[PDB]
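Student: The following file, work_18.tsv, comprises TSV, N, CA and C atoms:
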chain	number	residue	atom	x	y	z
A	52	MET	N	-68.06	68.70	-34.43
A	52	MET	CA	-69.46	68.94	-34.13
A	52	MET	C	-70.20	69.51	-35.33
A	53	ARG	N	-69.61	70.50	-36.00
A	53	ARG	CA	-70.22	71.03	-37.21
A	53	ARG	C	-70.37	69.94	-38.25
A	54	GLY	N	-69.39	69.04	-38.32
A	54	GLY	CA	-69.55	67.85	-39.12
A	54	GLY	C	-70.84	67.12	-38.80
A	55	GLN	N	-71.05	66.79	-37.53
A	55	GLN	CA	-72.22	66.02	-37.17
A	55	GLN	C	-73.50	66.82	-37.39
A	56	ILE	N	-73.48	68.13	-37.16
A	56	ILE	CA	-74.70	68.92	-37.27
A	56	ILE	C	-75.11	69.04	-38.73
A	57	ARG	N	-74.17	69.41	-39.58
A	57	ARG	CA	-74.47	69.56	-40.99
A	57	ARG	C	-74.93	68.23	-41.56
A	58	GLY	N	-74.10	67.21	-41.40
A	58	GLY	CA	-74.44	65.90	-41.92
A	58	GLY	C	-75.77	65.40	-41.38
A	59	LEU	N	-76.09	65.79	-40.15
A	59	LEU	CA	-77.34	65.34	-39.54
A	59	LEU	C	-78.52	66.08	-40.14
A	60	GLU	N	-78.36	67.37	-40.42
A	60	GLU	CA	-79.44	68.12	-41.04
A	60	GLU	C	-79.75	67.56	-42.42
A	61	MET	N	-78.71	67.40	-43.24
A	61	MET	CA	-78.91	66.78	-44.54
A	61	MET	C	-79.45	65.37	-44.40
A	62	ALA	N	-79.15	64.70	-43.29
A	62	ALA	CA	-79.74	63.40	-43.04
A	62	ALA	C	-81.22	63.52	-42.76
A	63	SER	N	-81.63	64.59	-42.08
A	63	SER	CA	-83.05	64.83	-41.90
A	63	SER	C	-83.73	65.01	-43.24
A	64	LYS	N	-83.08	65.73	-44.15
A	64	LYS	CA	-83.61	65.83	-45.51
A	64	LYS	C	-83.76	64.45	-46.13
A	65	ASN	N	-82.70	63.63	-46.06
A	65	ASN	CA	-82.74	62.28	-46.59
A	65	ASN	C	-83.92	61.49	-46.05
A	66	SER	N	-84.13	61.56	-44.74
A	66	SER	CA	-85.20	60.79	-44.12
A	66	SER	C	-86.56	61.30	-44.57
A	67	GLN	N	-86.72	62.61	-44.70
A	67	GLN	CA	-87.99	63.15	-45.17
A	67	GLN	C	-88.27	62.73	-46.61
A	68	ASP	N	-87.23	62.64	-47.44
A	68	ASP	CA	-87.40	62.07	-48.77
A	68	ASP	C	-87.88	60.63	-48.68
A	69	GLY	N	-87.30	59.86	-47.76
A	69	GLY	CA	-87.78	58.50	-47.55
A	69	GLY	C	-89.25	58.46	-47.18
A	70	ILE	N	-89.68	59.37	-46.30
A	70	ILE	CA	-91.09	59.46	-45.93
A	70	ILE	C	-91.92	59.75	-47.17
A	71	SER	N	-91.40	60.60	-48.06
A	71	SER	CA	-92.11	60.88	-49.29
A	71	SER	C	-92.29	59.62	-50.13
A	72	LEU	N	-91.18	58.93	-50.42
A	72	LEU	CA	-91.21	57.70	-51.20
A	72	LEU	C	-92.22	56.71	-50.64
A	73	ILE	N	-92.07	56.36	-49.36
A	73	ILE	CA	-92.92	55.35	-48.74
A	73	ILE	C	-94.37	55.82	-48.74
A	74	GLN	N	-94.59	57.12	-48.63
A	74	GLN	CA	-95.94	57.65	-48.71
A	74	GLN	C	-96.54	57.41	-50.09
A	75	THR	N	-95.76	57.67	-51.14
A	75	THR	CA	-96.23	57.44	-52.51
A	75	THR	C	-96.59	55.98	-52.72
A	76	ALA	N	-95.63	55.08	-52.50
A	76	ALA	CA	-95.88	53.66	-52.72
A	76	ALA	C	-97.04	53.16	-51.86
A	77	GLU	N	-97.18	53.71	-50.65
A	77	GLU	CA	-98.27	53.30	-49.79
A	77	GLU	C	-99.62	53.68	-50.39
A	78	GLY	N	-99.77	54.93	-50.81
A	78	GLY	CA	-101.03	55.32	-51.43
A	78	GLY	C	-101.33	54.52	-52.68
A	79	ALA	N	-100.27	54.18	-53.43
A	79	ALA	CA	-100.45	53.31	-54.58
A	79	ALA	C	-101.04	51.97	-54.16
A	80	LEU	N	-100.48	51.35	-53.11
A	80	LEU	CA	-101.05	50.10	-52.63
A	80	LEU	C	-102.46	50.28	-52.08
A	81	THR	N	-102.79	51.48	-51.59
A	81	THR	CA	-104.15	51.74	-51.15
A	81	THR	C	-105.10	51.63	-52.34
A	82	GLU	N	-104.73	52.25	-53.45
A	82	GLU	CA	-105.56	52.14	-54.64
A	82	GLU	C	-105.67	50.69	-55.09
A	83	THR	N	-104.54	49.98	-55.15
A	83	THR	CA	-104.54	48.55	-55.46
A	83	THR	C	-105.55	47.83	-54.60
A	84	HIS	N	-105.52	48.15	-53.31
A	84	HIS	CA	-106.41	47.53	-52.35
A	84	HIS	C	-107.87	47.71	-52.71
A	85	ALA	N	-108.30	48.95	-52.82
A	85	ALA	CA	-109.71	49.21	-53.11
A	85	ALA	C	-110.13	48.54	-54.41
A	86	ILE	N	-109.23	48.53	-55.39
A	86	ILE	CA	-109.53	47.83	-56.63
A	86	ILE	C	-109.80	46.36	-56.34
A	87	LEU	N	-108.94	45.73	-55.55
A	87	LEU	CA	-109.14	44.31	-55.25
A	87	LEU	C	-110.41	44.07	-54.44
A	88	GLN	N	-110.85	45.05	-53.64
A	88	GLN	CA	-112.17	44.95	-53.04
A	88	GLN	C	-113.23	44.81	-54.13
A	89	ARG	N	-113.18	45.69	-55.13
A	89	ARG	CA	-114.10	45.54	-56.25
A	89	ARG	C	-113.94	44.19	-56.94
A	90	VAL	N	-112.71	43.66	-56.97
A	90	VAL	CA	-112.49	42.37	-57.60
A	90	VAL	C	-113.27	41.29	-56.85
A	91	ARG	N	-113.19	41.29	-55.52
A	91	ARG	CA	-113.96	40.29	-54.79
A	91	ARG	C	-115.45	40.49	-55.00
A	92	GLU	N	-115.90	41.74	-55.16
A	92	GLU	CA	-117.30	41.93	-55.53
A	92	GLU	C	-117.59	41.26	-56.86
A	93	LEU	N	-116.60	41.20	-57.75
A	93	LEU	CA	-116.81	40.60	-59.06
A	93	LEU	C	-116.52	39.11	-59.06
A	94	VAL	N	-116.02	38.56	-57.95
A	94	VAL	CA	-115.86	37.11	-57.85
A	94	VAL	C	-117.06	36.51	-57.12
A	95	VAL	N	-117.66	37.29	-56.22
A	95	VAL	CA	-118.95	36.90	-55.67
A	95	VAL	C	-120.03	37.09	-56.73
A	96	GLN	N	-119.99	38.23	-57.42
A	96	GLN	CA	-120.94	38.46	-58.49
A	96	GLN	C	-120.64	37.55	-59.67
A	97	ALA	N	-119.37	37.24	-59.89
A	97	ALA	CA	-119.02	36.07	-60.67
A	97	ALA	C	-118.92	34.83	-59.81
A	98	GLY	N	-119.99	34.52	-59.07
A	98	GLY	CA	-120.22	33.17	-58.58
A	98	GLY	C	-121.07	32.42	-59.57
A	99	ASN	N	-121.00	32.85	-60.84
A	99	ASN	CA	-121.95	32.51	-61.89
A	99	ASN	C	-123.35	33.00	-61.54
A	100	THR	N	-123.47	33.85	-60.52
A	100	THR	CA	-124.69	33.96	-59.74
A	100	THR	C	-125.23	32.56	-59.49
A	101	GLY	N	-124.34	31.73	-58.95
A	101	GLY	CA	-124.60	30.32	-58.71
A	101	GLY	C	-124.38	29.46	-59.92
A	102	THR	N	-125.38	29.42	-60.78
A	102	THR	CA	-125.16	29.38	-62.22
A	102	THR	C	-126.10	30.33	-62.94
B	52	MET	N	-112.45	43.33	-43.53
B	52	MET	CA	-113.84	43.56	-43.20
B	52	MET	C	-114.60	44.15	-44.37
B	53	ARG	N	-114.02	45.17	-45.02
B	53	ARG	CA	-114.66	45.72	-46.21
B	53	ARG	C	-114.82	44.66	-47.28
B	54	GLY	N	-113.83	43.77	-47.38
B	54	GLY	CA	-114.00	42.59	-48.21
B	54	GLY	C	-115.28	41.85	-47.90
B	55	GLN	N	-115.47	41.49	-46.63
B	55	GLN	CA	-116.64	40.71	-46.27
B	55	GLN	C	-117.92	41.50	-46.46
B	56	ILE	N	-117.90	42.80	-46.18
B	56	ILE	CA	-119.12	43.59	-46.26
B	56	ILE	C	-119.56	43.75	-47.70
B	57	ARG	N	-118.63	44.14	-48.56
B	57	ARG	CA	-118.96	44.33	-49.96
B	57	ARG	C	-119.42	43.02	-50.56
B	58	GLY	N	-118.58	42.00	-50.44
B	58	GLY	CA	-118.93	40.70	-51.00
B	58	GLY	C	-120.24	40.18	-50.45
B	59	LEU	N	-120.55	40.53	-49.20
B	59	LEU	CA	-121.78	40.06	-48.59
B	59	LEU	C	-122.98	40.81	-49.15
B	60	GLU	N	-122.83	42.11	-49.39
B	60	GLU	CA	-123.92	42.87	-49.98
B	60	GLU	C	-124.25	42.35	-51.36
B	61	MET	N	-123.22	42.21	-52.21
B	61	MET	CA	-123.44	41.63	-53.52
B	61	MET	C	-123.97	40.21	-53.41
B	62	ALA	N	-123.64	39.51	-52.32
B	62	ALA	CA	-124.23	38.20	-52.09
B	62	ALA	C	-125.71	38.31	-51.79
B	63	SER	N	-126.11	39.35	-51.08
B	63	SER	CA	-127.52	39.59	-50.87
B	63	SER	C	-128.23	39.80	-52.19
B	64	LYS	N	-127.60	40.54	-53.10
B	64	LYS	CA	-128.14	40.68	-54.44
B	64	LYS	C	-128.30	39.31	-55.10
B	65	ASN	N	-127.24	38.50	-55.06
B	65	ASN	CA	-127.27	37.16	-55.63
B	65	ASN	C	-128.45	36.36	-55.09
B	66	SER	N	-128.64	36.39	-53.78
B	66	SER	CA	-129.70	35.60	-53.17
B	66	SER	C	-131.07	36.11	-53.58
B	67	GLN	N	-131.23	37.43	-53.67
B	67	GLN	CA	-132.51	37.97	-54.11
B	67	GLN	C	-132.81	37.58	-55.56
B	68	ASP	N	-131.78	37.52	-56.40
B	68	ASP	CA	-131.97	36.99	-57.74
B	68	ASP	C	-132.44	35.55	-57.68
B	69	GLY	N	-131.85	34.75	-56.80
B	69	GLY	CA	-132.32	33.39	-56.61
B	69	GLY	C	-133.78	33.33	-56.22
B	70	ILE	N	-134.20	34.21	-55.31
B	70	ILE	CA	-135.60	34.29	-54.92
B	70	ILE	C	-136.45	34.60	-56.14
B	71	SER	N	-135.95	35.48	-57.01
B	71	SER	CA	-136.68	35.79	-58.23
B	71	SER	C	-136.87	34.55	-59.09
B	72	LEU	N	-135.76	33.88	-59.42
B	72	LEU	CA	-135.79	32.66	-60.23
B	72	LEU	C	-136.79	31.65	-59.68
B	73	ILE	N	-136.62	31.27	-58.42
B	73	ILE	CA	-137.46	30.25	-57.81
B	73	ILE	C	-138.91	30.70	-57.77
B	74	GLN	N	-139.13	32.01	-57.62
B	74	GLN	CA	-140.49	32.53	-57.67
B	74	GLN	C	-141.10	32.32	-59.05
B	75	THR	N	-140.34	32.61	-60.11
B	75	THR	CA	-140.83	32.41	-61.47
B	75	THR	C	-141.19	30.95	-61.71
B	76	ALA	N	-140.22	30.05	-61.53
B	76	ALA	CA	-140.47	28.64	-61.78
B	76	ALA	C	-141.61	28.12	-60.92
B	77	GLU	N	-141.73	28.63	-59.70
B	77	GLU	CA	-142.81	28.19	-58.83
B	77	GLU	C	-144.17	28.58	-59.40
B	78	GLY	N	-144.34	29.84	-59.79
B	78	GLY	CA	-145.61	30.25	-60.37
B	78	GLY	C	-145.92	29.48	-61.64
B	79	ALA	N	-144.88	29.16	-62.41
B	79	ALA	CA	-145.06	28.32	-63.58
B	79	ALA	C	-145.65	26.97	-63.19
B	80	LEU	N	-145.07	26.32	-62.17
B	80	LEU	CA	-145.62	25.06	-61.71
B	80	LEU	C	-147.02	25.22	-61.14
B	81	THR	N	-147.35	26.40	-60.61
B	81	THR	CA	-148.71	26.64	-60.15
B	81	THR	C	-149.68	26.56	-61.32
B	82	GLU	N	-149.33	27.22	-62.42
B	82	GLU	CA	-150.18	27.12	-63.60
B	82	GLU	C	-150.29	25.69	-64.09
B	83	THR	N	-149.15	24.99	-64.18
B	83	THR	CA	-149.15	23.57	-64.53
B	83	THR	C	-150.14	22.82	-63.67
B	84	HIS	N	-150.09	23.10	-62.38
B	84	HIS	CA	-150.96	22.45	-61.42
B	84	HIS	C	-152.43	22.63	-61.75
B	85	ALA	N	-152.87	23.88	-61.83
B	85	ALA	CA	-154.29	24.14	-62.08
B	85	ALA	C	-154.73	23.50	-63.39
B	86	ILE	N	-153.84	23.52	-64.39
B	86	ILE	CA	-154.16	22.85	-65.64
B	86	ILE	C	-154.41	21.38	-65.39
B	87	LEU	N	-153.54	20.73	-64.62
B	87	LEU	CA	-153.73	19.30	-64.36
B	87	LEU	C	-154.99	19.04	-63.54
B	88	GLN	N	-155.41	19.99	-62.71
B	88	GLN	CA	-156.73	19.87	-62.09
B	88	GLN	C	-157.80	19.75	-63.17
B	89	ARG	N	-157.77	20.65	-64.15
B	89	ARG	CA	-158.71	20.54	-65.26
B	89	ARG	C	-158.55	19.20	-65.98
B	90	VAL	N	-157.32	18.68	-66.04
B	90	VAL	CA	-157.10	17.40	-66.71
B	90	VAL	C	-157.86	16.31	-65.98
B	91	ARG	N	-157.77	16.26	-64.65
B	91	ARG	CA	-158.52	15.24	-63.93
B	91	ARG	C	-160.02	15.45	-64.12
B	92	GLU	N	-160.47	16.70	-64.24
B	92	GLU	CA	-161.88	16.89	-64.59
B	92	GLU	C	-162.19	16.25	-65.93
B	93	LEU	N	-161.21	16.22	-66.83
B	93	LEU	CA	-161.44	15.66	-68.15
B	93	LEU	C	-161.14	14.17	-68.20
B	94	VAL	N	-160.62	13.58	-67.11
B	94	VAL	CA	-160.46	12.13	-67.05
B	94	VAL	C	-161.64	11.51	-66.32
B	95	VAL	N	-162.23	12.26	-65.39
B	95	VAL	CA	-163.51	11.86	-64.83
B	95	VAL	C	-164.60	12.07	-65.86
B	96	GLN	N	-164.58	13.22	-66.53
B	96	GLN	CA	-165.55	13.48	-67.58
B	96	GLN	C	-165.27	12.60	-68.78
B	97	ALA	N	-163.99	12.30	-69.03
B	97	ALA	CA	-163.65	11.16	-69.85
B	97	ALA	C	-163.54	9.90	-69.02
B	98	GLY	N	-164.59	9.56	-68.28
B	98	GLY	CA	-164.80	8.20	-67.81
B	98	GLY	C	-165.67	7.47	-68.81
B	99	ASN	N	-165.62	7.93	-70.07
B	99	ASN	CA	-166.58	7.62	-71.12
B	99	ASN	C	-167.98	8.09	-70.74
B	100	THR	N	-168.09	8.91	-69.69
B	100	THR	CA	-169.30	9.00	-68.89
B	100	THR	C	-169.82	7.58	-68.67
B	101	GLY	N	-168.92	6.74	-68.16
B	101	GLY	CA	-169.17	5.33	-67.95
B	101	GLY	C	-168.97	4.50	-69.20
B	102	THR	N	-169.99	4.48	-70.04
B	102	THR	CA	-169.78	4.49	-71.48
B	102	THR	C	-170.74	5.44	-72.16
Would you give me this structure, written as structure tokens?
Tutor:
Amino acid sequence: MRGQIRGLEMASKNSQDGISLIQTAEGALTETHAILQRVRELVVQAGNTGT
Amino acid sequence: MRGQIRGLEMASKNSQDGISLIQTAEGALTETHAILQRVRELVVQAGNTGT
């Protein structure tokens, strides 16, 4: 039982680290996203403004 | 949705620029027009005044 409890607690640590990682990469993709929003503004604005 | 909203707003800008362009060229043709009115006055007045 102490085996399972200790290993499980350290597993909780492991999982929280995972939450950290995925949180970082996610916010990174959020920035990527907003940038690409600006990109579409620059593809509409680079519609040659028609010509 | 933010894609469509942003791109659409900048599209409104694009269209208003188009309104500007067409407004300019239109007023130019208006001047051309009135000039050609004077031209017909000068083709009637250059009817040789008959002779």
Student: Show me which bits of chain B are within 7 Å of chain A, counting all atoms listed in the file, as number ranges by chain.
Tutor: B: 53-54, 57-58, 61-62, 65
Student: Quick one: chain A onto chain B, least squares on all Cα paired in order, result as a tab-separated table (two decimals) with N, CA and C atoms, in the frame of the given file?
Tutor:
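Generated output (selection.tsv):
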chain	number	residue	atom	x	y	z
A	52	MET	N	-112.44	43.33	-43.53
A	52	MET	CA	-113.84	43.56	-43.20
A	52	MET	C	-114.60	44.15	-44.37
A	53	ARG	N	-114.03	45.16	-45.02
A	53	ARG	CA	-114.66	45.72	-46.21
A	53	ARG	C	-114.82	44.66	-47.28
A	54	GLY	N	-113.83	43.77	-47.38
A	54	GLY	CA	-114.00	42.60	-48.21
A	54	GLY	C	-115.28	41.85	-47.89
A	55	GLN	N	-115.47	41.49	-46.63
A	55	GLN	CA	-116.63	40.70	-46.27
A	55	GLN	C	-117.92	41.50	-46.45
A	56	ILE	N	-117.90	42.81	-46.19
A	56	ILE	CA	-119.13	43.59	-46.26
A	56	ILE	C	-119.56	43.75	-47.71
A	57	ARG	N	-118.63	44.15	-48.56
A	57	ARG	CA	-118.96	44.33	-49.96
A	57	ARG	C	-119.42	43.02	-50.56
A	58	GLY	N	-118.58	42.00	-50.44
A	58	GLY	CA	-118.92	40.70	-50.99
A	58	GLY	C	-120.24	40.18	-50.44
A	59	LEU	N	-120.55	40.53	-49.20
A	59	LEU	CA	-121.79	40.06	-48.58
A	59	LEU	C	-122.98	40.81	-49.15
A	60	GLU	N	-122.83	42.11	-49.39
A	60	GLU	CA	-123.92	42.87	-49.98
A	60	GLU	C	-124.25	42.35	-51.37
A	61	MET	N	-123.22	42.21	-52.21
A	61	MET	CA	-123.44	41.63	-53.52
A	61	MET	C	-123.97	40.21	-53.41
A	62	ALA	N	-123.65	39.51	-52.32
A	62	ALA	CA	-124.23	38.20	-52.10
A	62	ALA	C	-125.71	38.31	-51.79
A	63	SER	N	-126.11	39.36	-51.08
A	63	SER	CA	-127.53	39.59	-50.87
A	63	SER	C	-128.23	39.80	-52.19
A	64	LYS	N	-127.60	40.55	-53.09
A	64	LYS	CA	-128.15	40.68	-54.44
A	64	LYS	C	-128.30	39.31	-55.10
A	65	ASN	N	-127.24	38.50	-55.06
A	65	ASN	CA	-127.28	37.16	-55.63
A	65	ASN	C	-128.45	36.35	-55.09
A	66	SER	N	-128.64	36.39	-53.78
A	66	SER	CA	-129.69	35.60	-53.16
A	66	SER	C	-131.06	36.11	-53.58
A	67	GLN	N	-131.23	37.42	-53.67
A	67	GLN	CA	-132.51	37.97	-54.11
A	67	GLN	C	-132.81	37.59	-55.55
A	68	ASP	N	-131.78	37.52	-56.40
A	68	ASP	CA	-131.97	36.99	-57.74
A	68	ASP	C	-132.44	35.54	-57.68
A	69	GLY	N	-131.84	34.75	-56.79
A	69	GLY	CA	-132.31	33.38	-56.61
A	69	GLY	C	-133.78	33.33	-56.22
A	70	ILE	N	-134.20	34.21	-55.31
A	70	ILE	CA	-135.60	34.29	-54.92
A	70	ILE	C	-136.45	34.60	-56.14
A	71	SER	N	-135.95	35.48	-57.01
A	71	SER	CA	-136.68	35.79	-58.22
A	71	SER	C	-136.87	34.55	-59.09
A	72	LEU	N	-135.76	33.87	-59.42
A	72	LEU	CA	-135.80	32.66	-60.23
A	72	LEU	C	-136.79	31.66	-59.68
A	73	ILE	N	-136.62	31.27	-58.41
A	73	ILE	CA	-137.46	30.24	-57.81
A	73	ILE	C	-138.91	30.71	-57.77
A	74	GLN	N	-139.13	32.00	-57.63
A	74	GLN	CA	-140.49	32.53	-57.67
A	74	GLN	C	-141.11	32.32	-59.05
A	75	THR	N	-140.34	32.61	-60.10
A	75	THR	CA	-140.83	32.41	-61.47
A	75	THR	C	-141.19	30.96	-61.71
A	76	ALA	N	-140.22	30.06	-61.53
A	76	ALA	CA	-140.47	28.64	-61.79
A	76	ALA	C	-141.62	28.12	-60.92
A	77	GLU	N	-141.74	28.63	-59.70
A	77	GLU	CA	-142.81	28.20	-58.83
A	77	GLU	C	-144.18	28.58	-59.40
A	78	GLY	N	-144.34	29.84	-59.79
A	78	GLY	CA	-145.61	30.24	-60.38
A	78	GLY	C	-145.92	29.48	-61.64
A	79	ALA	N	-144.87	29.16	-62.42
A	79	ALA	CA	-145.07	28.32	-63.59
A	79	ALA	C	-145.64	26.97	-63.19
A	80	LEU	N	-145.07	26.32	-62.17
A	80	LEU	CA	-145.62	25.06	-61.71
A	80	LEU	C	-147.03	25.22	-61.14
A	81	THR	N	-147.35	26.40	-60.61
A	81	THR	CA	-148.71	26.64	-60.14
A	81	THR	C	-149.67	26.56	-61.32
A	82	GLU	N	-149.32	27.21	-62.42
A	82	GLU	CA	-150.17	27.13	-63.60
A	82	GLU	C	-150.28	25.69	-64.09
A	83	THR	N	-149.15	24.99	-64.18
A	83	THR	CA	-149.15	23.57	-64.53
A	83	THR	C	-150.14	22.82	-63.67
A	84	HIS	N	-150.09	23.11	-62.38
A	84	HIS	CA	-150.97	22.46	-61.42
A	84	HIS	C	-152.43	22.64	-61.75
A	85	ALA	N	-152.87	23.88	-61.82
A	85	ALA	CA	-154.29	24.14	-62.09
A	85	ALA	C	-154.72	23.50	-63.40
A	86	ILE	N	-153.84	23.52	-64.39
A	86	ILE	CA	-154.15	22.85	-65.64
A	86	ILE	C	-154.41	21.37	-65.39
A	87	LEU	N	-153.54	20.73	-64.63
A	87	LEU	CA	-153.73	19.30	-64.36
A	87	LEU	C	-154.98	19.03	-63.54
A	88	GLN	N	-155.42	19.99	-62.71
A	88	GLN	CA	-156.73	19.87	-62.09
A	88	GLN	C	-157.80	19.75	-63.17
A	89	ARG	N	-157.77	20.66	-64.14
A	89	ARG	CA	-158.71	20.53	-65.25
A	89	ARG	C	-158.55	19.20	-65.98
A	90	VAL	N	-157.32	18.68	-66.04
A	90	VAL	CA	-157.10	17.41	-66.71
A	90	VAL	C	-157.87	16.30	-65.98
A	91	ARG	N	-157.77	16.27	-64.65
A	91	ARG	CA	-158.52	15.25	-63.93
A	91	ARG	C	-160.02	15.45	-64.12
A	92	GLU	N	-160.47	16.70	-64.24
A	92	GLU	CA	-161.88	16.89	-64.58
A	92	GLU	C	-162.19	16.25	-65.92
A	93	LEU	N	-161.21	16.22	-66.83
A	93	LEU	CA	-161.44	15.65	-68.15
A	93	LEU	C	-161.14	14.17	-68.20
A	94	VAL	N	-160.62	13.59	-67.11
A	94	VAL	CA	-160.45	12.14	-67.05
A	94	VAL	C	-161.64	11.51	-66.32
A	95	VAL	N	-162.23	12.27	-65.39
A	95	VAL	CA	-163.51	11.86	-64.83
A	95	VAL	C	-164.61	12.07	-65.87
A	96	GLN	N	-164.58	13.23	-66.53
A	96	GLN	CA	-165.55	13.48	-67.58
A	96	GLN	C	-165.26	12.60	-68.78
A	97	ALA	N	-163.99	12.31	-69.03
A	97	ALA	CA	-163.65	11.16	-69.85
A	97	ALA	C	-163.53	9.90	-69.02
A	98	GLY	N	-164.59	9.56	-68.27
A	98	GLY	CA	-164.81	8.20	-67.82
A	98	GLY	C	-165.67	7.47	-68.81
A	99	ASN	N	-165.62	7.93	-70.07
A	99	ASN	CA	-166.58	7.62	-71.12
A	99	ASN	C	-167.98	8.09	-70.73
A	100	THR	N	-168.09	8.91	-69.69
A	100	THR	CA	-169.30	9.00	-68.89
A	100	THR	C	-169.83	7.59	-68.67
A	101	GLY	N	-168.93	6.75	-68.16
A	101	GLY	CA	-169.18	5.33	-67.96
A	101	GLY	C	-168.97	4.51	-69.19
A	102	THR	N	-169.98	4.48	-70.04
A	102	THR	CA	-169.78	4.48	-71.48
A	102	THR	C	-170.74	5.45	-72.16
Student: With DSSP run on the backbone, what are the alpha helix (DSSP H) residues within chain A? I'd like them as a count of residues only.
Tutor: 43
Student: Distance atom C of residue 76 (chain A)-atom C of residue 59 (chain A), one decimal place?
Tutor: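 Separation of atom C of residue 76 (chain A) and atom C of residue 59 (chain A): 25.4 Å.
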Student: Which distance in Å separates atom N of residue 60 (chain B) and atom C of residue 72 (chain B), to one decimal?
Tutor: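 That distance, rounded to one decimal, is 20.3 Å.
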Student: Between atom C of residue 68 (chain A) and atom C of residue 83 (chain A), what distance in Å does the model show, to one decimal?
Tutor: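 These two atoms are separated by 22.6 Å.
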Student: Draw an axis-aligned box over all listed atoms of region 86-97 of chain B, pad each side with 4 Å, and write its centre and edge lengths in Å, one decimal, as lines of an AutoDock Vina configuration file.
Tutor:
center_x = -159.5
center_y = 16.7
center_z = -66.0
size_x = 20.0
size_y = 21.6
size_z = 15.8
